[PDB]
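J.:
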Ligand SMILES: Cn1c(=O)n(CCCO)c(=O)c2c1nc(Oc1cccc(OC(F)(F)F)c1)n2Cc1ccc(Cl)cc1
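Chains as they are written, first to last, in the UniProt record's numbering: chain R, 459 to 460, 463 to 641; chain Z, 476 to 528.
#1: Any C-beta of chain R sitting closer than 7 Å to the C-beta of residue 500 of chain Z?
#2: Could you please go through the chain and list the residues whose beta-carbon is closer than 5 Å to any non-hydrogen atom of ligand 1?
#3: Quick one: which chain Z residues come within Cβ less than 9 Å of residue 606 of chain R?
#4: Pull out every residue of the region 497 to 518 of chain R whose Cβ sits closer than 9 Å to any Cβ of chain Z, in chain order.
#5: Buried or exposed: where does residue 503 of chain Z fall if 16 or more other Cβ atoms within 10 Å of its Cβ makes it buried?
#6: With hydrogens ignored, establish whether the beta-carbon of residue 511 of chain R is closer than 6 Å to any heavy atom of ligand 3.
#7: Measuring only the C-alpha atoms, how far is residue 562 of chain R from residue 533 of chain R?
#8: Determine the extent of the alpha helix (DSSP H) in which residue 511 of chain R is found, giving its start and end residues.
#9: For a minimum of 4 consecutive residues, which ranges assigned as the alpha helix (DSSP H) are wholly contained in the region 586 to 632 of chain R?
#10: To be precise: take each residue of the region 523 to 543 of chain R, compare its Cβ to all Cβ atoms of chain Z, and keep it if any distance is under 8 Å. Which residues remain?
#11: Looking at chain Z, which residues of the region 579 to 611 of chain R have a Cβ within less than 7 Å of any of its Cβ atoms?
#12: How long is the line joining the alpha carbons of residue 630 of chain R and residue 509 of chain R, rounded to whole angstroms?
#13: Starting from the C-beta of residue 507 of chain R, find all residues in its chain whose C-beta is less than 8 Å away, skip the five residues before and the five after it, and write them out in chain order.
#14: Would you say residue 521 of chain R reaches chain Z, if we count a Cβ-Cβ gap shorter than 7 Å as a contact?
As structure tokens, this is what we get:
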């Protein structure tokens, strides 16, 4: 395969090479964190973050269960209302959000981004006038937001607090062991 | 709804409080609860148990 750039297919080998180089670059530029065990002022800090990253993953499993539950519930609600209408863009990543809870992939993406507030509130109403389904979808969306933005995040903060309180005493010997390695 | 309402029309033509819409809404609520039931399976694990407890 050796033409304007917009005519390229979405799975062109050069575009895949571009994206894989980008991900390899964000993985290569994070290796300087491993270079920070030698420094005395912040080596224990980096070591402590490395300790409680495992507990972070421990809690992210529970988050993944909650995310799957609410995502497939919202998909089972809204996917009967799939529409195209010849729109310029579909999905959450448009100027105007549409078909957010359309498929399971789009629902998982839309519920993930709702933690950071980048999904507006006009995704819960349908273009039709079925008010009851709109209300129960907005209720499910608000319930998941309440969970993953009040319950689970603050549980994560308190659990991180106790974990760093526990590993603050053993941070020095851990940093010395990592620096000797 | 299967016994009573079988009028061939588009989905947007229906009433807001039709039994089919209520049935799918309660089905979605039941699905959220069914998928959230899996938290009580985590207690048998030696890793995810104490955190959920
Ligand atoms: C779950 N839930 C929800 O989904 N929606 C969106 C529905 C469609 O918009 C809501 O508006 C909504 C809601 N719970 C609500 O009261 C809370 C109860 C418990 C916790 C909470 O929050 C937090 F934990 F304290 F932070 C909020 N309210 C507000 C409300 C609205 C109407 C009436 Cl009569 C009474 C209360």
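For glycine and all other residues, C-beta sits at the position ideal for the given N, C-alpha and C.
T.: Straight from the coordinates:
#1: yes
#2: R/598, R/599, R/602, R/603, R/606, R/610
#3: Simply none; closest approach about 13 Å.
#4: 515, 518
#5: buried
#6: The ligand content of the structure shown is limited to ligand 1, which means ligand 3 is not among them.
#7: 12 Å
#8: 503 to 538
#9: 591 to 606, 612 to 627
#10: 525, 526, 528, 529, 530, 532, 533, 534, 536, 537, 540, 541
#11: 588, 589, 590, 591, 592, 593, 596, 600
#12: 13 Å
#13: 497, 631, 634, 635, 638
#14: yes
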